[PDB]
Every structure is written in C-alpha cells, then in structure tokens.
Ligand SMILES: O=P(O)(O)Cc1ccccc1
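We begin with a single chain expressed as structure tokens, specifically the form solved without the named molecule.
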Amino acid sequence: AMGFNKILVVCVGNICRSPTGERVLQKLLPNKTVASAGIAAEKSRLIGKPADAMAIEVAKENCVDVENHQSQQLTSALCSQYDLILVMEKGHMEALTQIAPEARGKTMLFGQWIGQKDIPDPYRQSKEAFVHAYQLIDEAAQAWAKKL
C-alpha cells in the first residue's frame, strides 16, 4: 500500500551492518529491490570494498549470502532512486540529512519495530560481536517484513 518497493539500507562504512541488513531483508522480501550505501563508504582507492569477511561468515552460518557486495557512497542522486531509506542508528539521521535533505520524509530506522533500537556496530571486534549484530538485524528485518 505504501509502495516501499526499492529499499536502501544505510550505515557508515557499508561493509558490516548495511550489507548484512540488505541481504537479510532481500531474502525475506524476494519481490522487493534491496540495496545498501554508506555515509562514509570504505573504498580501496576508488573501488567499493566487499562486505567484512566475518559478516559474510556469520551470515553464511544463518543461510544468508553476503558475497558479491561492493560498497557505495551515499549521495542525493542515490537517495532519489529509493522509496524507503533505513538507517542502522538514530544518530545516522543527522549525517544523512546533510547529504540528502530531500530524503527527509522517507528515512526510517532499521530497528523501528523492535523498540527503536540501534543496531550494534561489530566493526573490528570478534566473531561473537558479528553474531549479536546479525541476530538483532534478523529480528528487526522480520518485523519490517510483516509491515512491507
């Protein structure tokens, strides 16, 4: 009914949380187009980095494919192509507003339907941190799927 067909999942690096969230939500909603971007996307010179090796490993154990990901920079042009934008932290909303002020009105929280929780960043931590990040992303995505 809302027409949220193209969904953009956003974090800072676009290598841990947002590619995980993108692929978990994509598996739950096969007829939707789910992509991801970073407020300060991690790049190798100018090439988009793949998802963190541990993020790929943890998702693989939960039957979610996070291979063939290339990080991309969040821009106003990119935001204009999506119907719904889902940030990983409430704090990300201020930075997103500076890049894409026209995206105000379609920027929502990834963990909105799980008590408005921020998804913990597992970057540079052990496998267990990647497990907890995945588990909370899964709970949040399942709650979004019932509303989409």
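Each residue number is its position in the shown sequence, starting from 1. Here the rigid core means the biggest group of C-alpha atoms that line up within 1.5 Å when the two forms are laid on top of each other.
One more form of this protein should be noted, the form solved in complex with the named molecule, which is absent from this view; the next part is about it.
Open or blocked, the named molecule overlaid from its pose in the deposited bound form onto this form, 2.4 Å backbone/C-beta test: Placed partner leaves the pocket open.
Among 56-64, 119-127, 106-114, 75-83, the region lying within 4.5 Å of the named molecule in the deposited bound form by heavy atom distance: Of the stretches listed, the one contacting the partner is 119-127.
Contact label in the deposited bound form: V9 to the named molecule, heavy atom within 4.5 Å: No, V9 is distant from the partner.
The named molecule contact in the deposited bound form: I15, any heavy atom under 4.5 Å: Judged by the heavy-atom cut-off of 4.5 Å, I15 is in contact with the named molecule in the deposited bound form.
Listed options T97, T33, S80, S44; Cα moving by 2 angstroms or more between this form and the one not shown (core superposition): So the residue whose C-alpha moves 2 Å or more is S44.
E42 and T20, C-alpha gap in the deposited bound form relative to this structure (3 Å or more): Here the pair is closer than in the deposited bound form; there, farther apart.
Outcome for the Cα pair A51, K43 in the deposited bound form, compared with this form (closer or farther; change of 3 Å or more): Pair moves farther apart in the deposited bound form.
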